[PDB]
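Protein chains in written order, with the authors' numbering: chain C, 180 to 235; chain A, 65 to 301; chain B, 2 to 14, 25 to 43, 45 to 59, 83 to 93, 99 to 340; chain B', 2 to 14, 25 to 43, 45 to 59, 83 to 93, 99 to 340; chain B'', 171 to 340. A prime marks a further copy of an entry chain.
Where a beta carbon is used, it is the ideal one built from N, C-alpha and C, also for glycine.
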Amino acid sequence: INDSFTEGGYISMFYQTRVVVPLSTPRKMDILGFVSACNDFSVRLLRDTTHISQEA
Amino acid sequence: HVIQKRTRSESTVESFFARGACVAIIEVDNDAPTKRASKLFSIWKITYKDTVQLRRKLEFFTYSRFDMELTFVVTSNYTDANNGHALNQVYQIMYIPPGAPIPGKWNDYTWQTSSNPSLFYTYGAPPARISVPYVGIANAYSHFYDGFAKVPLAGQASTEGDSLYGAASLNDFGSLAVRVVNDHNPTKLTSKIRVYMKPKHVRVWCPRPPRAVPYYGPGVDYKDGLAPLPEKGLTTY
Amino acid sequence: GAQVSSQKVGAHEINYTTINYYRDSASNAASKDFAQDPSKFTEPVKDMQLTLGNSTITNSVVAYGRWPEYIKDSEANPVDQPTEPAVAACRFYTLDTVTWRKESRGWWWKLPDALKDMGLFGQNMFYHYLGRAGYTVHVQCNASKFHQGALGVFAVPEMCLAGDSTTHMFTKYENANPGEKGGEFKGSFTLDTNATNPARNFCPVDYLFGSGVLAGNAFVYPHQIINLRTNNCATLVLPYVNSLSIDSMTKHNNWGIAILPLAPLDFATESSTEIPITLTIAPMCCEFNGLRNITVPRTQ
Amino acid sequence: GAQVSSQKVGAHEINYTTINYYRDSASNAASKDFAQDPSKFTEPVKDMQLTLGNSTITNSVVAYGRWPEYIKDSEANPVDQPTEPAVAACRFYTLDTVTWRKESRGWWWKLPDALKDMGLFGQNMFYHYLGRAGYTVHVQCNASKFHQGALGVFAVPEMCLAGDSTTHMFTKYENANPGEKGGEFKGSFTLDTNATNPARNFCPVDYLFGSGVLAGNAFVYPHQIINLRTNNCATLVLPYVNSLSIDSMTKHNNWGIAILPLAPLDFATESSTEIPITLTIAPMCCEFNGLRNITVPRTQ
Amino acid sequence: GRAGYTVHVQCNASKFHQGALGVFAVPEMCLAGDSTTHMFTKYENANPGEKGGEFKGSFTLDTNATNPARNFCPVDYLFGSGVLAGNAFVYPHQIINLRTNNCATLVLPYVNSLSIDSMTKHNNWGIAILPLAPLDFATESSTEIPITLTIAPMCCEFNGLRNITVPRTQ
Ligand SMILES: CCCCCCCCCCCCC/C=C/[C@H](O)[C@H](N)CO
């Protein structure tokens with residue numbers, strides 16, 4: 180959950196240099212992000228999720 | 065250097081499904097049969113899709129194979145203060161596999177249960193419980209079936225050859241018939257049997273992305289909650 | 002016959028005994045870095084020229105790390121002799137080329153549905169009661185070094201798509217099996233309200249992946265990315281996947297192919313730009329059972 | 002797998028068997045002169084000249105008999121490389137000298153709070169997410185042979201002090217972390233009734249040891265007595281104490297130092313007499329993790 | 171204090187850009203002044219920090235005898251020290267040619283007449299980036315590309331701990 184005492188830190192992206200394109204090239208482009216766990220990743224205390232609910 | 069002694073014991077597929085999830089609330093009544101608003105027996109088509117939580121957990125995967133532990137928690141109450149009291153009730157839960165005769169009355173011959181497995185539960189006893197092996201006619205349970213049970217052939221009318229999309233007899237497990245065995249007291253009693261389903265000895269295949277919008281029917285249809293994600297700035301921590 | 006197992010002690014101040032009382036095992040209680049623990053679930057590659088039959092093709101994933109294979113005698117349900125067309129049916133067939141524009145929301149196909157009218161493979165499929173085959177799917181999309189765009193190709197077992205009506209599971213057989221033309225994803229869900237002549241068609245929303253799941257997670261399925269700056273094509277090797285060793289090919293589609301534009305197509309400064317996408321699918325390790333008169337499913 | 006243990010028979014007119032039925036050990040039932049049995053809880057001494088870094092000091101307790109030590113690889117939670125400043129941070133820093141009068145009720149400090157502005161130790165503390173260190177605390181108080189008085193120096197792990205308001209746990213971060221000035225105990229509890237601009241400060245009552253416990257029992261904590269007729273100083277060697285191998289130094293204070301006048305100061309016949317008390321603290325076995333931009337906590 | 175360095179100069183441009191940069195690591199990089207007074211550059215101007223300074227195409231004499239700038243005047247073709255720039259290649263160096271490579275890495279060991287010195291008083295190395303071939307692109311006379319420096323000190327070791335030094339600024 181969102182908990183101050185166990186907050187995980189911050190992630191950010193910046194331009195180191197700028198993006199350079201020649202003429203006749205798109206000047207705007209897209210990047211995609213993916214996240215996964217490493218092999219040292221574990222979880223504990225199975226619980227019901229808040230991402231699904233049943234009205235009535 | 066760090067010694068990494070952390071195990072994934074609780075995230076195994078066995079531990080993930082090692083809980084009793086409620087899949088059915090079956091309502092039955094003990095009352096004079098002359099009364100028409102009282103339902104003296106109830107039939108429930110066995111399935112896990114009446115509720116969402118266990119369904120969502122199971123649909124993380126395409127195929128599954130497991131034994132099933134069913135637990136029955138029975139509660140009852142008076143519907144009226146007058147008209148006296150009642151003695152302890154006994155409940156019959158008869159499993160009707162597809163093809164077996166379905167009771168039409170609360171006291172017809174089918175309740176003899178000469179061959180159908182039947183469970184007799186005494187109110188106030190600990191919740192009833194039984195186990196079932198893997199009973200699929202295929203080699204695994206199909207949580208998803210991208211096909212039809214019928215193939216409409218050229219020439220036959222639009223009425224013929226029509227079947228629901230994604231429906232097959234792979235998930236036809238029969239039903240549960242529930243009744244109160246006692247004759248009616250002068251007062252009406254209402255009972256609810258809650259069915260809790262636990263997969264054990266579990267194996268799963270072909271993981272899938274979990275449901276992200278509200279379930280709509282037994283299929284994969286969606287209608288209403290189609291904007292699950294909230295607003296959050298691109299550069300806002 | 003007591004089973005003495007060891008406990009994993011946590012808070013310390025170590026063996027527990029269990030005995031099975033029932034003959035049926037279903038009565039038993041439960042017994043309980046970059047390297048990927050599930051190497052087979054992270055789209056393993058085939059680690083050129085692919086030749087099948089008389090067809091040759093000159099970025100290859102093996103779905104679940106399982107190459108197509110014939111039925112083992114240990115797992116054969118049917119008892120009649122299996123027909124294996126071999127090179128006659130196991131060859132690359134090229135479907136109709138689609139057009140990728142800046143506005144495309146994606147395309148989908150079903151297997152074996154997309155190959156039902158493909159040479160002798162379709163004949164064998166419609167002449168037999170039971171059929172089985174893996175696939176090699178080759179998606180081709182080439183563009184200049186000045187084009188930008190990315191396609192995600194996903195092979196989904198039991199790719200069930202949502203309908204377009206309040207009636208559940210109402211998509212009719214004809215619309216669920218379009219053949220080699222396939223279908224297209226949509227950017228929004230439109231409800232079919234024609235109660236007189238319902239379309240009875242799918243309404244696959246792209247960001248919902250057509251099945252109520254977020255598209256971002258579709259990467260859990262076997263997949264490959266065609267990034268125009270890097271590669272032209274994508275090869276997916278799909279083994280036969282089903283709860284049965286062999287099934288009806290006319291009733292059931294074992295795989296679905298989904299192509300979604302992850303990054304929209306763009307080029308120089310021409311807002312009008314389109315590049316073709318061509319699918320070439322070769323069935324593999326085909327085997328059929330139950331020969332009789334040919335099936336002729338209803339159309340339109 | 003039965004466990005046959007022996008009973009201790011009392012009234013005589025002898026073994027009992029136990030079997031664990033559950034896989035989880037949490038389900039198990041409980042199994043059950046001057047020499048001090050807990051030698052480590054009776055303030056063991058270091059049985083001169085203490086040199087740390089470039090600092091030298093010329099009555100020393102080791103709290104719980106445990107010398108400061110670095111994290112064992114067996115008990116390291118964080119995975120990134122640990123920064124160990126060594127002599128740069130591990131050195132004696134002298135705090136502001138306080139004045140002991142006949143009316144003083146005592147003084148208190150928090151560690152690592154009191155050293156947050158001490159050379160490179162403070163820089164390392166505020167530059168890293170995680171920090172760990174033991175301490176050597178040297179309390180200095182000298183007086184003539186004609187002075188009388190006694191000070192009790194206590195090192196308290198998790199020294200939580202009571203507030204001054206009806207609102208529970210209402211002491212704000214700024215007042216709970218005063219730095220090297222520390223704070224003073226009070227002879228009585230005064231309730232803060234300013235509901236508009238509450239002080240949000242501690243009200244540590246001396247005889248309650250500031251936490252609702254009788255001061256006489258504070259000797260259960262690691263401690264040393266400076267009796268003016270006997271000794272000038274007191275040395276306390278504090279190991280890192282916490283429920284974690286390493287924590288946030290800005291969020292959490294691992295130790296608290298309390299100096300209480302056990303016997304009031306007195307001298308000849310001068311009612312006006314004051315002697316300084318000087319604290320010199322050297323952090324020991326410092327190690328830090330999680331380097332990023334520097335933390336700048338709010339002040340006043 | 172003592173430390174070597176790893177200097178990473180980064181400059182990326184399209185295949186249609188042309189230009190070359192010479193990166194030089196100079197031990198004891200002393201730069202000429204801007205006045206008739208010898209060795210008159212003051213400490214503040216000789217230690218600008220991460221902003222550094224720029225070479226000039228010509229030598230301009232500071233004639234403000236009332237408020238002298240007391241700054242360097244490093245002429246590019248004189249390499250800022252009275253030597254021809256063409257010979258600067260005798261120093262450790264790397265060329266970033268835009269048609270070939272994006273970056274340049276220089277690994278500098280500690281260089282001095284002493285095993286360790288004062289870091290505030292003395293600068294052990296100087297980094298100079300000179301455009302050997304001018305930047306150009308297509309037919310846009312207005313073209314600019316960033317250059318980013320990333321420096322990691324290496325094998326740092328310090329001695330003589332005391333109160334912190336606070337040098338005068340501006
Ligand atoms: C003896 C009377 C009590 C009731 C006895 C119940 C026996 C019938 C229950 C077995 C049928 C369900 C088997 C498991 C099917 C699952 O719901 C899904 N296929 C899982 O994918």
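Exercise for the section: Could you tell me the distance, in whole angstroms, from the CA atom of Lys214/A to the CA atom of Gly200/A? Expected result: The alpha-carbon separation between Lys214/A and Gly200/A amounts to approximately 20 Å.
Handout entry: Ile317/B' beta carbon less than 8 Å from that of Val179/B'
Key = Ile317/B' is positioned such that its CB atom lies closer than 8 Å to that of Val179/B'.
Handout entry: Neighbouring residues, chain B'', relative to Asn294/B' (Cβ below 9 Å)
Key = Here the premise fails: no neighbours, minimum Cβ distance about 25 Å.
Exercise for the section: Please confirm whether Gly146/B' and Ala303/B' have their CB atoms less than 8 Å apart. Expected result: No; because the gap between Cβ atoms is not below 8 Å, this pair is not in contact.
Problem - Option in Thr290/B'', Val193/B'', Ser228/B'', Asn267/B'' with minimal Cα separation from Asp204/B'' - result: Between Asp204/B'' and the set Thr290/B'', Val193/B'', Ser228/B'', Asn267/B'', the nearest pair of CA atoms involves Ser228/B''.
Exercise for the section: Any chance you could list the beta strand (DSSP E) runs of at least 3 consecutive residues sitting entirely within the segment 133-221 of chain A, in chain order? Expected result: List check, beta strand (DSSP E) in window: 154-160, 182-186, 192-196.
Problem - Contact with chain C by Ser178/A, beta-carbon distance below 8 Å - result: Not closer than 8 Å to any Cβ of chain C, the Cβ of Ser178/A fails to qualify, so no.
Exercise for the section: Measuring only between beta-carbons, confirm whether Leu211/C sits less than 8 Å from chain B''. Expected result: Cβ-Cβ to chain B'' under 8 Å: no for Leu211/C.
Handout entry: Where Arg223/C meets chain B'', residues with beta-carbon distance less than 9 Å
Key = Those within 9 Å of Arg223/C in chain B'' number zero; the least Cβ separation is about 39 Å.
Handout entry: beta-carbon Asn235/A near ligand 1 non-hydrogen atom, thresh 7 Å
Key = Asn235/A Cβ: within cutoff of ligand 1.
Handout entry: Residues of its chain near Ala202/B'', where Cβ-Cβ distance is below 7 Å and the 5 sequence neighbours each way are ignored
Key = Closer than 7 Å at Cβ, skipping near neighbours: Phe242, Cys243, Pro244, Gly250, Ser251, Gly252.
Practice task
Give a single yes or no on whether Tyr301/A has its beta carbon closer than 7 Å to a heavy atom of ligand 1.
Solution key: Taking non-hydrogen atoms of ligand 1 into account, the C-beta of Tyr301/A is found less than 7 Å away from none of them.
Exercise for the section: Pick out the complete beta strand (DSSP E) segments inside the segment 108-174 of chain B, 3 residues or longer, and give them in chain order. Expected result: The qualifying runs are 138-140, 147-151.
Exercise for the section: State yes or no: is the beta carbon of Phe307/B nearer than 8 Å to at least one beta carbon in chain C? Expected result: Yes, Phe307/B lies at the interface with chain C (some Cβ there is under 8 Å from its Cβ).
Handout entry: Among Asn26/B', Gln188/B', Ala190/B', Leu151/B', the one whose alpha carbon lies nearest that of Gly171/B'
Key = Ranking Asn26/B', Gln188/B', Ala190/B', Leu151/B' by CA distance to the CA of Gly171/B' puts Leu151/B' first.
Exercise for the section: Report back the beta-carbon spacing between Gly84/A and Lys262/A to the nearest angstrom; my notes put them in contact at under 8 Å. Expected result: A Cβ-Cβ separation of about 5 Å places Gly84/A in contact with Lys262/A under the 8 Å criterion.
Practice task
Evaluate contact between the segment 263-281 of chain A and the segment 134-143 of chain A, counting only Cβ atoms and requiring at least three cross-stretch pairs below 8 Å.
Solution key: With the cut-off at 8 Å, the segment 263-281 of chain A and the segment 134-143 of chain A do not touch.
Exercise for the section: Determine the burial state of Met83/B': buried for a count of at least 16 other Cβ atoms within 10 Å of its Cβ, exposed for fewer. Expected result: Its Cβ having fewer than 16 others within 10 Å, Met83/B' is exposed.
Practice task
Determine the direct distance from the alpha carbon of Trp107/B' to that of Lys52/B', and round the result to whole angstroms.
Solution key: Computed Cα separation, rounded: 11 Å.
Handout entry: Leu183/A Cβ short of 7 Å to ligand 1 heavy atom set
Key = True, at least one ligand heavy atom lies under 7 Å from that Cβ.
Practice task
Would you please verify whether the beta carbon of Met192/C is less than 8 Å from any beta carbon of chain B?
Solution key: By this cut-off, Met192/C is not an interface position.
Handout entry: Where the alpha helix (DSSP H) through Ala216/B begins and ends
Key = In the DSSP annotation of this structure, the continuous segment of the alpha helix (DSSP H) that includes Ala216/B starts and ends at 213-216.
Exercise for the section: Quick one: grab the DSSP three-state call for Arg119/A. Expected result: DSSP places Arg119/A in the helix class (H, G or I) of the three-state scheme.
Exercise for the section: Compare the Cα-Cα distances from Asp35/B to each of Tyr159/A, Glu78/A, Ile194/A, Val77/A and report the closest residue. Expected result: Nearest C-alpha to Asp35/B: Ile194/A.
Problem - Selection from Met199/B, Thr211/B, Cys200/B, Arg269/B that minimises the alpha carbon distance to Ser227/A - result: Comparing Cα positions, the closest option is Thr211/B.
Exercise for the section: Scan the segment 186-243 of chain B and note each continuous beta strand (DSSP E) run of 3 residues or more that stays entirely inside, going in chain order. Expected result: The qualifying runs are 187-197.
Exercise for the section: Answer yes or no: does any C-beta atom of chain A fall closer than 8 Å to that of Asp182/C? Expected result: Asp182/C does not count as touching chain A.
Practice task
Anything in chain C within Cβ reach of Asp45/B, meaning under 9 Å, just list it in chain order.
Solution key: What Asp45/B touches in chain C: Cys217, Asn218, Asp219.
Problem - Three or more C-beta pairs below 8 Å linking the segment 269-279 of chain B and the segment 162-170 of chain B - result: They do not touch, by the three-pair rule.
Exercise for the section: Using beta-carbon positions only, say whether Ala190/B'' and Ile266/B'' come within less than 8 Å of one another. Expected result: Against a cut-off of 8 Å, the Cβ pair of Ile266/B'' and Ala190/B'' comes out as a contact.
Handout entry: Host beta strand (DSSP E) of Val245/B (start-end)
Key = For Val245/B, no beta strand (DSSP E) run applies, since DSSP gives it neither H nor E.
Exercise for the section: Report the rounded CA-to-CA distance for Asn329/B' versus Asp120/B', giving the unit in angstroms. Expected result: Going from the Cα of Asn329/B' to the Cα of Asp120/B' covers about 7 Å.
Practice task
Measuring alpha carbon to alpha carbon, tell me which of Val266/A, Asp236/A, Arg100/A, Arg120/A ends up nearest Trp108/A.
Solution key: Comparing Cα positions, the closest option is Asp236/A.
Handout entry: Proximity winner among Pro262/B, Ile111/B, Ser184/B, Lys9/B, relative to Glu314/B (alpha-carbon distances)
Key = Per the Cα distances, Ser184/B.
Exercise for the section: Mind checking which residues open and close the beta strand (DSSP E) that includes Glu327/B'? Expected result: 315-331 is the extent of the beta strand (DSSP E) around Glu327/B'.
Problem - Beta-bridge partners of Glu91/A, as assigned by DSSP - result: DSSP lists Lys256/A as partners of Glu91/A.
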